[PDB]
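**Student:**
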Amino acid sequence: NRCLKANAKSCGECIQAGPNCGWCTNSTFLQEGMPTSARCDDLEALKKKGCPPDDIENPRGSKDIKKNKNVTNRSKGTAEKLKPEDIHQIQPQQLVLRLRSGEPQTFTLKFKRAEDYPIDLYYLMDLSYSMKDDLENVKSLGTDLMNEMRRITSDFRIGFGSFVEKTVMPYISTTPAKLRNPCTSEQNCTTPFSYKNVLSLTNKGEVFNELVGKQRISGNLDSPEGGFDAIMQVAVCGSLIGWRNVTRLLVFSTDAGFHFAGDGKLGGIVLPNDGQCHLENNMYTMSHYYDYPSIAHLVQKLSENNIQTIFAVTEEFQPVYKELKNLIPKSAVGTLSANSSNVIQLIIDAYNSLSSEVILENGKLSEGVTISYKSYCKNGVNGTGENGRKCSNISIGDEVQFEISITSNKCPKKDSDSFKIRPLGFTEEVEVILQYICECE
Amino acid sequence: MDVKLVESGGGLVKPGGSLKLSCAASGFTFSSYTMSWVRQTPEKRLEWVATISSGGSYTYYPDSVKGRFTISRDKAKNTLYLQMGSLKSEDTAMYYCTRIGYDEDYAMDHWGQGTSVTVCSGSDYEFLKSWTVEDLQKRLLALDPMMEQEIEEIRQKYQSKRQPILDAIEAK
Amino acid sequence: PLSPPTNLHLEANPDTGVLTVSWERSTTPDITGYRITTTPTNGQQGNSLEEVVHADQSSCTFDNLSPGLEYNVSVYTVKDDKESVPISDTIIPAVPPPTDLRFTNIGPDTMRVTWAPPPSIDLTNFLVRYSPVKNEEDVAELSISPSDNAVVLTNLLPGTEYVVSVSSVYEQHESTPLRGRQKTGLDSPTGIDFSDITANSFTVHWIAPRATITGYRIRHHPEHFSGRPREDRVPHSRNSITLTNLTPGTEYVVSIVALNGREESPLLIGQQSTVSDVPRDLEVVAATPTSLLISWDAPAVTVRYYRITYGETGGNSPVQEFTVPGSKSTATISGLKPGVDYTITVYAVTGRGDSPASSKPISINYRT
Amino acid sequence: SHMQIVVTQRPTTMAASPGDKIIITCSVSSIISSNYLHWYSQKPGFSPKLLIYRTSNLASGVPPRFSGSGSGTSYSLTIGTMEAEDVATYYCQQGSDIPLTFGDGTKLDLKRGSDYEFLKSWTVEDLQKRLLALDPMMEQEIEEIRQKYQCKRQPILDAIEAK
Amino acid sequence: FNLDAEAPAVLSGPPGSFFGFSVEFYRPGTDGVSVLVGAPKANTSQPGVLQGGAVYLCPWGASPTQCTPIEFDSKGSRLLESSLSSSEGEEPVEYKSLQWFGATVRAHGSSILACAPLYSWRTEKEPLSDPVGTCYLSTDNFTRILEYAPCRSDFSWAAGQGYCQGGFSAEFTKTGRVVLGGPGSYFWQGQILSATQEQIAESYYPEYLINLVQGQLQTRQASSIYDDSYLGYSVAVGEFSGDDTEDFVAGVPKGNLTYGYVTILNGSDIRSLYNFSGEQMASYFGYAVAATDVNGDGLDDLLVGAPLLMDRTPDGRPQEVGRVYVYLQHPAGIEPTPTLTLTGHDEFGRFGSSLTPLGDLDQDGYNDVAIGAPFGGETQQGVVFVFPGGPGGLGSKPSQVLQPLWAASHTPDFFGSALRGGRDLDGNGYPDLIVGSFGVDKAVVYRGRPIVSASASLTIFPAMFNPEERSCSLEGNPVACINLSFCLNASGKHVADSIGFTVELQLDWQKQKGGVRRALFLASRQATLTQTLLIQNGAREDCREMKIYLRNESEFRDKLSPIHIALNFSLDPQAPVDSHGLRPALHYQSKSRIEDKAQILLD
Ligand SMILES: *[C@@H]1O[C@H](CO)[C@@H](O[C@@H]2O[C@H](CO)[C@@H](O[C@@H]3O[C@H](CO[C@H]4O[C@H](CO)[C@@H](O)[C@H](O)[C@@H]4O[C@@H]4O[C@H](CO)[C@@H](O)[C@H](O)[C@H]4NC(C)=O)[C@@H](O)[C@H](O[C@H]4O[C@H](CO)[C@@H](O)[C@H](O)[C@@H]4O)[C@@H]3O)[C@H](O)[C@H]2NC(C)=O)[C@H](O)[C@H]1NC(C)=O
Ligand SMILES: *[C@@H]1O[C@H](CO)[C@@H](O[C@@H]2O[C@H](CO)[C@@H](O[C@@H]3O[C@H](CO[C@H]4O[C@H](CO)[C@@H](O)[C@H](O)[C@@H]4O)[C@@H](O)[C@H](O[C@H]4O[C@H](CO)[C@@H](O)[C@H](O)[C@@H]4O)[C@@H]3O)[C@H](O)[C@H]2NC(C)=O)[C@H](O)[C@H]1NC(C)=O
Ligand SMILES: *[C@@H]1O[C@H](CO)[C@@H](O[C@@H]2O[C@H](CO)[C@@H](O[C@@H]3O[C@H](CO[C@H]4O[C@H](CO)[C@@H](O)[C@H](O)[C@@H]4O)[C@@H](O)[C@H](O)[C@@H]3O)[C@H](O)[C@H]2NC(C)=O)[C@H](O)[C@H]1NC(C)=O
Ligand SMILES: *[C@@H]1O[C@H](CO)[C@@H](O[C@@H]2O[C@H](CO)[C@@H](O[C@@H]3O[C@H](CO)[C@@H](O)[C@H](O)[C@@H]3O)[C@H](O)[C@H]2NC(C)=O)[C@H](O)[C@H]1NC(C)=O
Ligand SMILES: *[C@@H]1O[C@H](CO)[C@@H](O[C@@H]2O[C@H](CO)[C@@H](O[C@@H]3O[C@H](CO)[C@@H](O)[C@H](O)[C@@H]3O)[C@H](O)[C@H]2NC(C)=O)[C@H](O)[C@H]1NC(C)=O
Ligand SMILES: *[C@@H]1O[C@H](CO)[C@@H](O[C@@H]2O[C@H](CO)[C@@H](O)[C@H](O)[C@H]2NC(C)=O)[C@H](O)[C@H]1NC(C)=O
Ligand SMILES: [Mn+2]
Ligand SMILES: [Mn+2]
Ligand SMILES: [Mn+2]
Ligand SMILES: [Mn+2]
Ligand SMILES: [Mn+2]
Ligand SMILES: [Mn+2]
Ligand SMILES: [Mn+2]
């Protein structure tokens with residue numbers, strides 16, 4: 526057999542040569558002429574030769590996890606976190622194992638998501654003179670929206686911006702008297718502007734609430750407003766806005782229609798929008814030069830940015846916005862109101878549906894030692910090899926188990942080897958200690 | 553510029569004591585601009601102790617000193633007050649009075665002269681109690697000469713660095 | 156014997172204030188004087204008079220002349236107590252001409268003429284011949300009773316200068332004609348009409364007068380006006396003008412006057428009333444302990460949507476307003492405290508474009 | 085969840101000759117907007133003054149040579165020409181999220197400043213300014229030492245006073 | 027394919043003047059034929075007017091590059107009489123600066139109509155500026171000039187026709203009636219104004235700015251819900267009523283809640299007779315409209331352009347290429363559903379933005395329509411597509427493609443933005459097309475070459491080669507040969523009776539590559555022989571009889587193996603020049619290639 530063919534100088538080599546291979550130090554069975562190679566043999570092949578069982582040495586190891594931490598059942602239920610260290614995303618955190626040649630040790634790893642993904646939201650509000658009546662509803666909605674964000678998740682970013690109309694002779698009266706204010710002398714309306722960014726993304730809610738109140742209404746001559754033009758800048762100006770690798774939500778509220786490409790011909794503008802950030806000092810100074818972006822061109826910019834768009838509008842314009850909602854994918858339509866229940870409900874509904882992917886990273890192992898990962902996922906989904914490490918479509922509170930097997934060919938060192946196994950994007954890791962012995966006990 | 557900020561009331565505090573700091577703002581509307589307190593430590597590092605809004609509706613505090621300090625403002629007297637209680641050794645630093653020009657940018661544009669508040673350990677006092685008053689008194693006298701010596705050492709080192717620049721000016 | 160005068164010359168003026176007879180002096184020398192006698196023809200009743208002149212002057216005078224009466228003039232050379240054959244001439248006096256002509260109460264349709272008649276003359280009748288200055292061929296002649304010095308002229312062509320020629324008439328004799336030039340008045344505008352009536356504007360149509368008009372004056376004012384109404388001047392070629400930016404629910408009175416040069420035609424007044432967009436017949440269909448049902452009449456003008464406001468009369472608390480569709484005229488309020496008075500104000504929005512201006516509200520007081 | 089932004093300045097200390105180009109960077113642990121990032125410069129013996137605001141704007145009274153640029157998590161403060169006055173401590177502070185964190189200031193100083201050889205090149209106006217600078221720093225050092233001795237005396241004096 | 031793309035005519039204008047925005051043909055006289063091109067930002071001599079714009083008249087022939095601006099208006103903006111003493115200084119009652127004059131240029135007979143859309147005038151009653159717009163009508167070879175501004179009226183401001191911008195879109199009827207549309211009027215609802223040339227002259231008054239024309243036909247005010255319909259954006263004239271009277275076709279791009287529709291208005295009754303509804307919301311249906319007969323049934327058809335239209339690709343990724351809808355009008359009436367559609371192939375191509383009828387380019391008795399995409403092409407320079415006329419229906423496949431010859435620049439070329447066609451400029455008996463490129467300030471003119479069709483017929487009586495008997499023996503040993511007769515017929519319209527055609531005959535062409543030809547000429551003995559024969563259109567047919575022998579040698583392995591023959595005729599490329607200067611062309615359908623085949627019998 527292979528054990529006989531092992532030609533082991535000592536007992537330790539036998540174990541190194543094979544798993545079943547056993548060694549007898551009595552030397553009563555082994556022939557004096559025959560080399561210590563004959564002592565090495567199958568456990569059955571030794572017992573058959575009459576070698577004593579106690580004399581025969583067959584060291585093996587038993588799988589035993591040194592530390593075991595139970596996964597949190599709550600799993601941050603209803604966007605509520607007890608503490609960062611208190612939540613556990615891995616059951617077998619630290620484990621200790623002994624690796625013998627031909628004795629692969631397999632453990633079970635269970636991963637449960639006890640956290641909520643961070644969300645970034647940007648608020649865009651129309652300031653035309655016709656929104657003077659609805660101004661109260663828009664201001665109230667902002668504070669309610671921020672309160673929902675705190676309840677929905679621990680970490681969030683909130684920012685807002687405003688738009689009016691193109692600074693052109695046709696759209697806004699060019700008369701010097703109305704240049705200062707288009708509203709009647711009794712009122713004190715501000716000058717018209719294409720896009721004005723009042724606040725960049727920030728983590729403080731209190732600053733966001735106070736800024737919304739100070740906003741003052743502006744007025745233009747035509748019924749439709751340039752809302753599409755304002756969205757283009759926000760989508761492409763990642764630097765100024767402060768966009769990060771986090772789910773992005775855009776809220777747009779208007780009580781008037783939207784101009785589309787080819788509507789700038791009357792003004793005298795014929796250059797199509799290039800979708801390039803032209804914001805200067807947190808303002809848009811090239812509104813006149815570029816024509817309003819088309820729906821087809823506008824959709825492409827949002828898809829590349831992967832920014833979800835939510836529109837809050839009045840009941841009268843609802844029938845028009847619904848047709849647009851059918852066109853743009855991953856978008857929803859809401860009705861602006863004093864109550865503002867529908868606008869808040871859509872955000873919470875959107876947040877509830879989120880699918881993520883969890884992968885497993887393992888530390889380098891010794892030569893002749895390999896590891897196999899067997900993934901288990903929702904709907905009986907089971908991967909193998911590389912596919913068997915990653916799991917996708919996992920919602921919050923969903924737990925998936927993973928079967929890991931470690932096999933040792935030979936023993937590189939006498940001392941144990943500790944390596945850390947943590948999934949990408951998660952601080953929590955899995956430490957596995959592997960001790961291999963080539964000398965018979 | 554044209555903005556005057558003055559911080560007064562800094563003094564030695566025993567551990568667990570209470571110290572009140574008053575900041576006076578002139579040449580501008582104090583209520584209109586948000587105010588904050590910044591302290592520089594002995595390692596020449598900068599730590600933000602507190603931030604108070606112009607409205608006074610909300611305030612922001614760091615976790616370390618959060619819940620152990622109090623910040624408030626008086627619109628009528630245009631004075632900023634920082635209340636410190638349960639002070640530790642780490643607290644000693646150079647505190648400065650600031651003013652945020654724009655809430656959106658959240659950038660400090662004005663910095664006050666500042667007042668140094670240093671915590672004093674009472675442990676040495678305990679050893680002194682056993683010691684007789686007559687013996688202790690003699691110790692006090694020994695400290696004054698040593699403090700002067702150190703000052704002389706700093707003064708001579710500065711003179712050597714200064715001499716080269718003065719000579720250059722004389723040549724020109 | 157003595158030699159009579161020759162080439163006798165008698166001159167008669169239109170009015171016989173002073174009559175002068177001129178004759179060539181007698182050839183015979185040392186003549187003391189010349190005697191002239193005027194007597195009515197065929198011994199008719201007349202103011203026969205006798206005059207005497209010197210040898211140097213063969214010019215005499217005859218006062219108290221009789222109009223329309225033939226008088227025989229006989230001048231006798233007079234030397235001492237002897238007189239020679241007297242030249243005998245016969246002359247009919249000229250009728251006195253009309254003087255101090257005046258024109259008063261002038262009008263385009265008709266004009267009045269008042270002249271001063273010749274003094275101390277019993278004229279047969281007063282004859283006046285007038286015609287349009289640009290129409291000399293057509294002239295109207297009217298006999299005037301002699302006692303009256305004022306003649307009435309009718310059927311005068313509007314805006315047409317008329318030159319009247321009136322001369323006193325005695326027997327077949329005609330006096331000197333007095334010429335007075337006056338101009339008739341302008342013709343007013345007719346057939347005013349209103350079209351395309353809107354809450355803030357309307358269109359007025361009028362017809363140009365037969366007489367040439369330089370420009371038209373149009374004035375529109377409400378029954379009660381804080382300030383005087385504005386006036387717009389438009390050319391005669393464009394007989395159509397439209398007034399805009401009017402306030403809805405206010406009746407407007409418009410005066411159209413056609414003016415040529417400094418002349419003005421009679422003002423034509425047109426009265427029109429703007430439409431009212433305010434809601435009417437506000438009432439409560441049914442009311443429960445906490446809810447109130449309110450039903451109002453539909454406004455005349457199109458309304459995109461209606462804003463309903465309800466609050467507590469007793470406490471100064473911000474009212475709660477909820478918008479509703481324009482087509483629906485019924486709204487429902489809920490959550491109202493029972494036994495508490497509540498004021499309901501319903502507005503109508505008809506503003507076009509960016510402007511959000513609405514009409515005046517109609518509120519009622521209901522007790523729960 | 086208590087996550088705090090971390091600010092890092094690459095050259096903790098450096099020294100350069102006059103007219104040299106100095107570039108100091110600032111690393112942020114998480115993505116922030118350009119407007120939030122700010123730069124502060126502090127002279128010895130004086131309070132900190134905001135050199136640049138919004139990362140693209142120089143605060144009134146700031147020389148044109150100083151410039152700022154960057155985006156995302158990368159920022160840098162570049163000085164076109166180093167001058168004796170430019171010697172100070174520079175700190176990059178980010179005010180995007182709470183708490184507000186200030187990165188350790190870079191102690192940029194003059195290399196071999198004391199060396200008499202370099203003084204000969206210096207203009208008369210410059211040398212007067214350098215001499216003036218020493219008075220503020222020297223006064224601060226002596227004042228700090230006085231507090232140390234005074235702090236030690238307090239505990240000793242208090243025990244004697246109680247007796 | 028008639029268009030002379032190889033040698034096109036190019037004109038130039040001052041940079042930044044937007045030269046080539048509008049292209050029009052002017053033929054007051056026979057020798058007075060020229061091309062009218064308007065430039066709106068072009069500077070003018072008239073003081074107080076900056077970037078007013080002007081129309082340049084360049085006569086055909088002589089020097090094409092030379093151009094002269096026409097001074098329609100030689101005076102500056104008029105001052106206000108009230109302001110002379112009301113306030114210190116004087117205030118203009120109108121502003122001619124940036125009036126975009128020459129934006130729209132149209133010409134009929136000896137009449138030329140130029141309209142500036144941006145023109146605006148402060149009113150006298152109130153100091154408010156309204157862009158009513160203004161037009162200039164020039165008739166009888168520029169004898170007198172009449173200014174037409176129908177939109178200007180008492181009803182000022184947005185509520186009225188203050189923002190009418192009349193002349194944005196203009197057209198001329200066969201009778202000479204002027205048609206003008208202003209989308210600004212009635213709060214952007216849009217309007218159509220139409221008046222005859224005689225009526226405009228009769229009611230014209232220089233002294234008063236506000237002028238009212240009797241007999242003027244316009245559209246009545248619509249309901250508040252129809253606001254922002256942008257009617258009058260595109261105006262076209264065709265006869266659909268069947269009463270032998272011109273009808274007006276206008277396009278509403280933002281009508282039906284952004285879906286858009288195209289309507290037909292009676293020339294006299296001015297009452298809509300038909301309505302067209304856009305297929306996709308926000309497709310800008312009605313941007314450009316044109317009326318012409320493509321099936322030659324004697325009845326006009328309607329073409330609608332929707333450039334912003336976007337459709338899903340086979341992959342499923344959404345892209346916008348635009349589309350054109352063609353409706354055929356039967357005797358009963360015009361059907362609402364479009365008969366055919368034309369989809370673009372370039373993303374952001376803006377295909378179908380401008381449509382211009384080219385009349386009959388190939389003289390096939392069927393009309394042809396040209397469609398241009400301004401942002402089309404690999405370099406996004408732009409391109410022009412020409413579609414051949416089909417009796418059954420318009421052909422989907424494009425007959426020719428026109429692209430700029432000059433190299434690309436950083437600024438957009440805007441090629442195909444303006445297209446004018448259907449008028450014979452060179453009097454060669456073939457109509458030409460003019461393409462405008464305002465971005466580079468250049469204009470291009472393309473002239474159609476005469477077309478000649480040919481028919482080639484080559485046949486051989488001796489198909490079977492006999493081994494036993496040889497017909498001819500040029501070599502000591504006789505070799506059997508076969509005689510082939512080929513007849514070529516050429517037919518052309520307005521082309522020199524004498525035409526040169528080169529014919530090449532190939533023997534065993536399939537085996538020519540890596541093989542030994544078994545067929546050779548009796549005398550030439552060359553696998554391929556090229557012969558040029560002059561063909562006269564008058565001559566009924568032409569046929570030359572030659573002889574091709576078969577090698578007597580038994581060297582070839584298989585005598586039985588057949589031999590393929592092939593005769594091709596092309597147009598002579600030497601001295602094809604004519605007095606007109608356009609080289610003769612050959613119809614593509616006419617087969618210029620003919621193939622034969624022979625076999626031998628071996629026992
Ligand atoms: C193809 O598409 C086209 C474009 O969409 C269609 O054209 C539109 O068609 C609709 C329906 O026919 C029209 O709306 C109607 O207008 C009719 C005309 O009424 C006006 O004019 C007459 C004559 O002068 C006048 O007597 C009327 O009073 C009215 O003038 C109104 O005057 C008021 C004064 O204040 C003013 O405010 C109004 O604005 C003015 N016109 C209005 C109201 O718009 C009406 O007769 C139609 O019906 C009315 O009457 C009905 C009872 O008989 C009633 O039931 C209706 O509710 C309504 O009161 C209706 O209002 C659009 O004007 C017309 N044009 C546009 C721009 O869309 C076209 O019809 C379609 N089909 C075909 C095959 O062409
Ligand atoms: C596009 O625009 C054109 C022009 O406006 C329209 O053409 C008109 O259409 C009508 C109807 O076809 C024409 O006919 C008119 O019919 C009127 C009604 O009477 C009819 O019925 C009686 C009884 O059976 C018949 O005896 C009579 O002949 C008609 O068939 C008649 O009253 C009209 O005649 C009167 O007016 C005309 C025009 O002024 C005069 O010449 C006559 O002497 C008489 O006074 C007439 O017969 C009409 O002629 C056409 N023109 C006009 C201006 O109306 C198109 O209809 C329109 N497009 C469409 C959709 O059709
Ligand atoms: C992916 O891997 C999964 C895990 O191996 C697969 O799920 C397994 O599917 C098999 C199908 O035969 C199941 O075998 C059956 O088990 C039941 C007992 O389970 C039930 O009762 C227990 C005890 O009360 C309860 O805990 C379970 O939830 C069940 O209610 C036996 O009665 C049957 O006879 C048979 O043995 C496995 O049990 C099941 N494992 C688990 C834990 O999911 C999945 O099918 C794989 N998907 C694919 C298709 O690749
Ligand atoms: C804002 O709008 C809503 C709807 O008009 C107002 O009523 C709320 O309506 C929702 C359903 O859309 C209610 O939820 C329901 O609650 C009952 C009882 O728990 C439950 O059985 C149903 O299955 C459903 O969950 C909700 O209760 C109701 N509001 C209240 C008083 O709870 C809402 O009141 C408006 N809010 C404001 C601030 O005006
Ligand atoms: C019938 O005979 C004519 C005339 O010989 C053939 O036309 C020839 O076609 C070839 C292409 O197959 C031409 O070659 C071309 O040369 C140009 C450069 O000169 C090169 O750019 C092209 O890519 C191609 O290689 C050839 O020039 C042309 N005849 C002439 C005028 O030289 C014709 O192909 C024959 N029939 C068939 C079956 O095509
Ligand atoms: C990914 O996961 C989602 C959410 O678990 C699946 O969507 C449905 O989720 C509900 C939850 O009750 C199940 O009842 C449905 O059976 C799931 N979908 C189906 C198949 O009906 C989703 O299907 C999963 N797969 C994808 C497409 O990601
Ligand atoms: Mn608006
Ligand atoms: Mn509104
Ligand atoms: Mn607008
Ligand atoms: Mn017709
Ligand atoms: Mn047809
Ligand atoms: Mn054709
Ligand atoms: Mn031609």
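Chains as they are written, first to last, in our numbering: chain V, 526 to 966; chain L, 553 to 724; chain E, 156 to 523; chain W, 85 to 247; chain R, 27 to 629. All C-beta atoms in this analysis are idealised placements derived from N, C-alpha and C, irrespective of residue type, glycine included.
Any idea which residues DSSP pairs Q426 (chain E) with across the strands?
**Tutor:** DSSP output for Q426 (chain E) lists E:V408 as bridge partner(s).
**Student:** Kindly indicate if chain W contains any beta-carbon less than 9 Å away from that of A645 (chain L).
**Tutor:** For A645 (chain L), the answer is no, since every Cβ of chain W falls outside 9 Å of its Cβ.
**Student:** Which same chain residues, not among the five before or five after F411 (chain R), have their C-beta less than 6 Å away from its C-beta?
**Tutor:** Excluding positions up to five away in sequence, the list reads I397, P424.
**Student:** Of all the CB atoms in chain V, is at least one closer than 9 Å to the CB of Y120 (chain W)?
**Tutor:** At least one chain V Cβ lies under 9 Å of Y120 (chain W).
**Student:** Should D658 (chain V) be listed as close to ligand 8, given that the test is whether its C-beta is under 8 Å from any heavy atom?
**Tutor:** Yes - ligand 8 has a heavy atom lying nearer than 8 Å to the Cβ of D658 (chain V).
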